[PDB]
């Protein structure tokens, strides 16, 4: 029910927030980013819906910021809902190969661009994608903005609770979170999907939450 929001987080970096009713969670927020590169926009995750995806695209396009592409952090609809809409307007969509395979098994439209392997530059020296290992889902990836020191951790970053465990790898998550912590300890900001922007400390809190969750 709450409207899409778009707020400036840093130079060239915006957080978009969209909202869905999920059984047994109530209203769930979903943060993505929009990164400006040379005055063009990259979507980091789509909103849940084609409607919120249209609104996000229009906000940037009306202000003279052409959409250059989207990258989806994992296969769940809170990352991928707007792929179909983006494809219908010939905006390049990006996902890992495993994210595309899971999208296809789940009867969902796929990104027109895939990458495999651990590191992938969406835009070299500006938008990097890292796979830390399975956690929230087998396919979850994070997006690093080296220039700003900003990690989009997506649905992997779970600083107060692990959320929906439906597709989770509870065995692997702590090791993944271990690896993520070592690599991005130098993060100025960490943006999770389902709770508010924080600092590097969100890496620790997620490790602790993973260790804790595995213990049961």
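Residue numbers count along the first chain shown, from 1.
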> For the C-alpha atoms alone, is the average B factor greater in 93-101 or in 112-120, going by the entry?
Replying inline: 112-120
> 75-83 versus 141-149: which one carries the higher mean Cα B factor per the record?
Replying inline: 141-149
> Which listed residue, 63, 181, 55, 30, has the largest C-alpha temperature factor in the record?
Replying inline: 181
>> Ranking every modelled residue in this chain by its Cα temperature factor as given in the entry, which third contains residue 44?
In response: lowest
> What third of its chain's C-alpha B-factors does residue 14 belong to: lowest, middle or highest?
Replying inline: middle
> Which third, lowest, middle or highest, does the CA B-factor of residue 172 fall in along this chain?
Replying inline: middle
> Lowest, middle or highest third: where is residue 34 by C-alpha B factor in its chain?
Replying inline: lowest
> Split the chain's modelled residues into thirds by Cα B-factor; is residue 67 in the lowest, middle or highest one?
Replying inline: lowest
